[PDB]
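Next up: a single chain in structure tokens, the form deposited in one PDB entry.
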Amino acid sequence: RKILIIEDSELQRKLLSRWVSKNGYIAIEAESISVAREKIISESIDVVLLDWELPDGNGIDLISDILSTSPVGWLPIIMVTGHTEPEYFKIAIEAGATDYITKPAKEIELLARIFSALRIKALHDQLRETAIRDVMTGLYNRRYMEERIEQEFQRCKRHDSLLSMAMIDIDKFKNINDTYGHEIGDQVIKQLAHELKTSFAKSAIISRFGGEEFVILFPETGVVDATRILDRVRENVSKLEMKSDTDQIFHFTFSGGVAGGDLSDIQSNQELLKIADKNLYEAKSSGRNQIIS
């Protein structure tokens, strides 16, 4: 849907952008490398059209940086340059570009190569989601959340920016499987997953870390702010009326351990895990159905 066009020439850039917007895409113009970096950071991009010679650098150098910013990890990049030498073609593709059009770009071909780029991007995005999300709940699975804590932790140390973590665990869940069966247990987990998915800010990262265990990172959020939010959700879950398959009404609760905030005195990300884990056991021994931070 959203396409970023990096070209120094006014005439060429306004032309390309008219063509692309005309077929129902959103066009994002960038007159320079400097303005391109600004647009990548600030807007989710599906395809890039990339000039080679910009007034403030070379497209090749920007390819690397685009792929490492991409929140999904791969993005189709199509070169649109005056450079016609086959050596320049091989270099761009090897640098990470997907396609390469020599100027002047022709409208029919351009829109068809964008079609082909977005088709592959759509398949990639689906394959990615099935690899990193848990099948039953559609939350992030463990093997991916581990990598994302690491990469999210480092990111917030190499910046003066807060990062709170919650670890939650369903109260007396083995008792629920024994009373109402595995199949009702599965439904309770699915219901909690759906409440977590819809209750937090869009930046919050939610994982199904174990059978009945969940971990949530809150970027740019203090420990106190994360705790009030998670305590509203815990209140909401406690007042849900669940039905068994024999029309028995029942409630469930979860316990929470919160950690992080100011990360100054926390050295590795695994120290963040253990503070949250210690707090969750605090919550379990302190009467359950509560958050501790």
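Shifts are known only where both forms have a C-alpha. A residue's number is simply how far along the shown sequence it sits, counting from 1. What we label the rigid core is the largest C-alpha set whose atoms superpose within 1.5 Å from one form to the other.
Just so you know, the form deposited in another entry exists too; it's not on screen, but the next bit is about it.
Given a cut-off of 2 Å on Cα movement between the shown form and the other one, rigid core as reference, pick the single residue from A204, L162, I101, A193 that exceeds or meets it.
Residue with a C-alpha shift of 2 Å or more: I101.
Would you tell me if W74 moves between the shown form and the other one by 2 Å or more at its C-alpha, with the rigid core held superposed?
Yes; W74 is a residue whose C-alpha shifts (by 2 Å or more) between the shown form and the other one when the cores are overlaid.
Taking the rigid core as the superposition reference, indicate whether the CA of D231 shifts 2 angstroms or more between the shown form and the other one.
Superposed on the core, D231 moves its C-alpha less than 2 Å between the shown form and the other one.
If we fit on the core, is the Cα of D61 displaced 2 Å or more between the shown form and the other one?
Yes; that C-alpha moves by at least 2 Å between the shown form and the other one.
Work out the direction of the Cα-Cα change for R142 and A122 in that other deposited form: closer or farther than in this form? It's 3 angstroms or more.
Residues converge in that other deposited form, at least 3 Å closer.
Check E152 against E43 at the C-alpha atoms and report closer or farther in that other deposited form, compared with the shown form; the change is 3 Å or more.
Farther is correct, given that in that other deposited form the C-alpha spacing of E152 to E43 is increased by at least 3 Å.
For a shift of 2 angstroms or more at every C-alpha, which runs of three or more consecutive residues qualify between the shown form and the other one, with the core superposed?
Only one moving run appears between the shown form and the other one, namely 1-131.
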